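S.K.: Structure in structure tokens, see below.
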Amino acid sequence: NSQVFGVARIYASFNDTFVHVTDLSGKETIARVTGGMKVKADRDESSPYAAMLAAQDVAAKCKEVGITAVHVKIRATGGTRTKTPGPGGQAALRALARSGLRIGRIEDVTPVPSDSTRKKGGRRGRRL
Amino acid sequence: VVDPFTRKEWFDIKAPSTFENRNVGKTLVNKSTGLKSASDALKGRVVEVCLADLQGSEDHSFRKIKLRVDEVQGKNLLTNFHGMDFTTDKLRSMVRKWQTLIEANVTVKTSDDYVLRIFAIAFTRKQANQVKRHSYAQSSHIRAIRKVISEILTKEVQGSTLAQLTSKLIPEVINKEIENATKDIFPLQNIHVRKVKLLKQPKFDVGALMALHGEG
Amino acid sequence: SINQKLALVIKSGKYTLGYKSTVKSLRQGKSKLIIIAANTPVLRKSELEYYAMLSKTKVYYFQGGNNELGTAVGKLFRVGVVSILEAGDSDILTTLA
Amino acid sequence: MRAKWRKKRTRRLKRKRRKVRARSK
Amino acid sequence: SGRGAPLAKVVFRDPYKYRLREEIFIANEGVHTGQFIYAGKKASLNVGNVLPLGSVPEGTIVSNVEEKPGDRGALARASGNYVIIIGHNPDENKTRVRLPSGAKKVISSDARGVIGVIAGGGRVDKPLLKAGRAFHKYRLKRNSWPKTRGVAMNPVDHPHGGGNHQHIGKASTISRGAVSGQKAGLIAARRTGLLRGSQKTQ
Amino acid sequence: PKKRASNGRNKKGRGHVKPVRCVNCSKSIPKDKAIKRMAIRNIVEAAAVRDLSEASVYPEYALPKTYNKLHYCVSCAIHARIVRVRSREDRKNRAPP
Amino acid sequence: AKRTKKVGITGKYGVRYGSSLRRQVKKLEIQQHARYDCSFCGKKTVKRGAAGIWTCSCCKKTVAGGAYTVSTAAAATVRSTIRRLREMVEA
RNA sequence: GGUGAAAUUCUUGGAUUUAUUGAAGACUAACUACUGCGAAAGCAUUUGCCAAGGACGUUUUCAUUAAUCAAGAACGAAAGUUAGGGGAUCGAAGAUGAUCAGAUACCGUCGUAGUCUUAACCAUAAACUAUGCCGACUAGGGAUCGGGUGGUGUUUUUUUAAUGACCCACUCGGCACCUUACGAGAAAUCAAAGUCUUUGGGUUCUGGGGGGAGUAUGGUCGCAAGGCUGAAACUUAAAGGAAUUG
Ligand SMILES: [K+]
Ligand SMILES: [Mg+2]
Ligand SMILES: [Mg+2]
Ligand SMILES: [Mg+2]
Ligand SMILES: [Mg+2]
Ligand SMILES: [Mg+2]
Ligand SMILES: [Mg+2]
Ligand SMILES: [Zn+2]
């Protein structure tokens, strides 16, 4: 087993997707290209086509540095927000695997409270 | 215009001898310069590693161990035990409807001055002929179960060190000890110790770290 | 815990309330247990432990002050120390420590 | 009108009528 | 007299001579007579004790805090005020603190401070209610009371004095570079009017 | 008239329940009300299980799941089509589909 | 017989200074002249000297305190925060 | 960032993201239910004190001590009478950016009073089950919570024992639910909203077409908002409830 491990941290909100690779410790990040700078439209920042384009750019950089395999940790916005991973999470996780990188230990790391502070809207909701 | 990746080393992460696969992985740091070393930049990193990867077996796929870097010597760094946590997949899967979630925790120090907070979890269950569909426990049973769990979780850490605690967190001897002491109150399926946290550490006492390492 | 054990003592057994009676009973050697309130002065507290050490008498520490000790004894004033001379039909001389 | 706001409008009118009663005597 | 907070007289022993050494501390709230006060590097985290600022954990409440090591107390001396320890920076040893004004200061870890809050707090919550009570308060401090308004003066006496009505005439916000005799009003004011907002600006 | 004998949802013996917040618009709605769905999904879709099989170390190890409880207000649940209006006779049916 | 309806101790001020200012003085004056229980001898004998000085007539103990009450809200929260930090240190 | 789209805003002074370490800020997410407690308002992780309570069990005790109650009291959702701290998530307002014919709104970003003090609410809510309380009877069923009783029942281990947990049956007391309609109702529906022209078990409160109007005036609680009590002149042929067809 000569694989060298990184940690691919994927932040999938409904506004943008983050693909972020560090080493085993969270310091010394390797590559981080967001979904919002592969398409310049300000509304397709969370699109799955944007997230897979970003995920190829991490894998091209991770191959250059030397990282061959990765542990992927995926999160949603969390806290008092939606807790549902955005549309870019599934495309970015898939596109890392087809790029030649190896993958192990998929884990959900969405920050989930213990009935913490208040939320959007104010008791009548964001009404539309 | 700098290309900062061609100035970094690679350091091997070494697990303590309480685990089998002592080679965890490799980590980066910058080149040591004038009044900026690499030892002080690596001496606080915490590495999260699955207990399945430390032991090799897939039975420990749902537990992770925090490992904190303490000493660097000769292009590999020696880690110590920093904390154990459960994965979010299993911790959210054992929480099912139509059963009672029982949680007990305690804060206690080891034989060496290692203040830890230990978290335990337990769940009620039906037993093989139950027709009713929830099998809840009364509040007096949960208070009686918590008193037994907290007594076992306290009396065990009094007569052990951090190395002795880590050795017996692997074969689930605590969960069998909780089960044999609470089976006369409720059936109590799915007993686990779900988290230990490092509250206060003692002095560095490097020989205790070298005693944990130094093989292979 | 300690309240109704004391409530068995004052109904049946013998007692003395106060510092001067307690030291007198310790000196003449018929004090089986002394109970010291939490806010008794440390110099006065240290003198009682020395008298108890000399006479081989167990010392219990009340968790509250003189107001709470006199209330648990059953009086309407403040009691700083209480010495038990006879347990009566109470187990306060054995159910300690 | 909504009955909550008709109640609110009556309260302003009741308060300002008392003020007019006050500046005279 | 003239100080809102009470003082505490603490008697030590002279370590190099057979005598006693009486100090005057600003009394912390909870300190009583006959209480033993421990001062030094190895003192414990108790109210009334004097400790170096590097020997206390984060979140400790201190008072009479030295600005420099050895100046015997500069910060948080008035009644009901205190200093919070917010962080340590051990190499090139320093300690970040929060002052009563809300400002953040970095001072040396060797500087000392007394554990607790200054006694006598809540003094200003009582209305003075009378001109005679503000008389007796400033009788023990200095000659600064009562104050005649500048718009009630003649122009010879004040920049604001004069006019057929009582009025300033020009803006009362005065530049920092103005000279003596010109600095009457609001010196170097960044804003005026009623404070519609918050404090601790980022 | 009274549309439902539960007046919405089942309080029936309490008087007050603490409210939850909607997940689509953050409208406060009581916990006895506020339609609840349990969202269990694999963190890789069915179109990626084949993809993730070859690109994985630890061959045929596991595939974990996401566990999420969703709370919906009545307006969001109707608009998101997790619950639709039904006939007066079919309003009484309490069984899941 | 009850002598005043609501002014109480602030009846010595007559009709002056305003009612809202007489109410704030009344609240702090009742605290300031109140008698408090000593934490050393256990008797309700603690009275104020000057502001911040509270002395027990029996047992002769003087405690540094608040201006108009023996202990303030800030000091008790500080005392609990200090104890929690100290027990963390000594553990 | 943020949105239906965008914009305000922050960004080589490195934003966002990652790690480590701290510090203040309702409550206790999942467990959590046609489940529990409480007179109601209301009350969810622990642990320890302090008193309290229902139900059950009872061949203990008193012997009518009771039911409902003008006057008179206690208790209380939250949202502001008033005086320290800590520090914004939401919008009153306020600032702004959109949208629009306008947008002083919905939506976006920020933010002062505003469910955190220790100390009052006069006491207001669709304070709702829009169903007063006490007592008796009338109809079937399966669940569930608390207690009790029985089983030549299961399991836990020492072999079975004692408990506990589970299964079957019964009983008392609860939160409710399902089917019918003898019965009621204008209907919707209802095991009470039944036992009512075959009209009487006891008792308290409220209403008498719609407005004017919870207004005027007087009193009272009231440093406040405002509660509690509370008309008339005049005006009007409908207002309203439930259901049917479009
Ligand atoms: K002038
Ligand atoms: Mg002035
Ligand atoms: Mg003046
Ligand atoms: Mg003049
Ligand atoms: Mg003149
Ligand atoms: Mg001039
Ligand atoms: Mg001028
Ligand atoms: Zn005293």
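Letters for chains follow the order of the structure tokens (A, B, ...), residue numbers begin at 1 for each chain, and ligand numbers begin at 1 in the order shown.
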Per DSSP on the backbone, what are the helix (DSSP H, G or I) residues of chain F, as a PyMOL selection string?

M.R.: chain F and resi 46-54+74-79+90-92

S.K.: Limited to N, CA and C atoms, could you put the picked residues into a file as a short mmCIF file (atom, residue, chain, number, x, y, z; two decimals), in the first residue's frame?

M.R.:
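This is the output file out_11.cif:
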data_model
loop_
_atom_site.label_atom_id
_atom_site.label_comp_id
_atom_site.auth_asym_id
_atom_site.auth_seq_id
_atom_site.Cartn_x
_atom_site.Cartn_y
_atom_site.Cartn_z
N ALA F 46 -27.15 6.33 -7.04
CA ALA F 46 -27.09 5.04 -7.72
C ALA F 46 -26.26 5.11 -8.99
N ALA F 47 -26.12 6.29 -9.58
CA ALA F 47 -25.28 6.48 -10.75
C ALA F 47 -23.80 6.59 -10.40
N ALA F 48 -23.46 6.62 -9.11
CA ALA F 48 -22.07 6.73 -8.68
C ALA F 48 -21.58 5.55 -7.86
N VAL F 49 -22.46 4.60 -7.51
CA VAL F 49 -22.01 3.41 -6.79
C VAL F 49 -21.08 2.58 -7.66
N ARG F 50 -21.42 2.42 -8.94
CA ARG F 50 -20.52 1.73 -9.87
C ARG F 50 -19.22 2.51 -10.03
N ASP F 51 -19.31 3.83 -10.11
CA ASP F 51 -18.14 4.69 -10.28
C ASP F 51 -17.23 4.57 -9.06
N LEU F 52 -17.82 4.61 -7.86
CA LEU F 52 -17.04 4.60 -6.63
C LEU F 52 -16.52 3.22 -6.26
N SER F 53 -16.96 2.16 -6.94
CA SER F 53 -16.48 0.82 -6.61
C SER F 53 -15.04 0.63 -7.08
N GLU F 54 -14.73 1.05 -8.31
CA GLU F 54 -13.39 0.85 -8.83
C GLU F 54 -12.38 1.83 -8.25
N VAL F 74 -47.45 23.83 6.85
CA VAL F 74 -48.57 23.37 6.03
C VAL F 74 -48.49 23.98 4.63
N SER F 75 -48.12 25.25 4.54
CA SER F 75 -48.02 25.90 3.24
C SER F 75 -46.86 25.36 2.43
N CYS F 76 -45.72 25.08 3.07
CA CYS F 76 -44.59 24.54 2.34
C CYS F 76 -44.82 23.09 1.95
N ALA F 77 -45.47 22.32 2.82
CA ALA F 77 -45.71 20.91 2.51
C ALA F 77 -46.68 20.75 1.36
N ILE F 78 -47.69 21.62 1.28
CA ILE F 78 -48.63 21.56 0.16
C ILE F 78 -47.95 22.02 -1.12
N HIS F 79 -47.18 23.11 -1.05
CA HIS F 79 -46.53 23.63 -2.24
C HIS F 79 -45.43 22.71 -2.75
N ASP F 90 -61.65 11.00 2.26
CA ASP F 90 -60.27 10.54 2.33
C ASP F 90 -59.41 11.37 3.25
N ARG F 91 -59.94 12.45 3.81
CA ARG F 91 -59.20 13.21 4.82
C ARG F 91 -59.01 12.41 6.10
N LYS F 92 -59.89 11.45 6.38
CA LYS F 92 -59.85 10.69 7.62
C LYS F 92 -58.80 9.59 7.62
#

S.K.: Using only C-alpha atoms (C1' of nucleotides) and all ligand atoms, which residues have at least one atom no more than 9 Å from ligand 7? Output them as a ChimeraX atom specification.

M.R.: /E:159-160,168-172,174,182-184

S.K.: So how far away is atom CA of residue 196 of chain B from atom CA of residue 65 of chain B, in Å?

M.R.: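 That distance, rounded to one decimal, is 9.6 Å.
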
S.K.: For ligand 3, return the neighbouring residues as a PyMOL selection string (distance at most 9 Å; only C-alpha atoms (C1' of nucleotides) and all ligand atoms).

M.R.: chain E and resi 146-150+152

S.K.: Do you know which residues are within 7 Å of ligand 6 using only C-alpha atoms (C1' of nucleotides) and all ligand atoms? Can you write them as a PyMOL selection string?

M.R.: chain E and resi 155-156+158-159

S.K.: Write to file, as a PDB file, in the first residue's frame, the residues of the selection just made, with N, CA, C and O atoms.

M.R.:
ATOM      1  N   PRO E 155     -18.194  87.590  25.096  1.00  0.00           N
ATOM      2  CA  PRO E 155     -17.189  87.107  24.132  1.00  0.00           C
ATOM      3  C   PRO E 155     -15.759  87.179  24.629  1.00  0.00           C
ATOM      4  O   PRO E 155     -14.917  86.424  24.138  1.00  0.00           O
ATOM      5  N   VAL E 156     -15.461  88.061  25.581  1.00  0.00           N
ATOM      6  CA  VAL E 156     -14.122  88.151  26.143  1.00  0.00           C
ATOM      7  C   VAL E 156     -13.763  86.874  26.898  1.00  0.00           C
ATOM      8  O   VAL E 156     -12.602  86.459  26.906  1.00  0.00           O
ATOM      9  N   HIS E 158     -15.063  83.593  26.516  1.00  0.00           N
ATOM     10  CA  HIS E 158     -15.266  82.275  25.941  1.00  0.00           C
ATOM     11  C   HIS E 158     -15.483  82.419  24.448  1.00  0.00           C
ATOM     12  O   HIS E 158     -15.936  83.472  23.995  1.00  0.00           O
ATOM     13  N   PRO E 159     -15.145  81.398  23.660  1.00  0.00           N
ATOM     14  CA  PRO E 159     -15.552  81.399  22.249  1.00  0.00           C
ATOM     15  C   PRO E 159     -17.057  81.412  22.039  1.00  0.00           C
ATOM     16  O   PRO E 159     -17.526  81.956  21.033  1.00  0.00           O
TER      17      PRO E 159
END

S.K.: How would you write, as a PyMOL selection string, the set of residues no farther than 10 Å from ligand 5 when counting only C-alpha atoms (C1' of nucleotides) and all ligand atoms?

M.R.: chain E and resi 153-155+162-164

S.K.: Write out as number ranges by chain the residues lying within 10 Å of residue 96 of chain C, counting only C-alpha atoms (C1' of nucleotides) and excluding same-chain residues fewer than 6 positions away.

M.R.: C: 2, 58-60
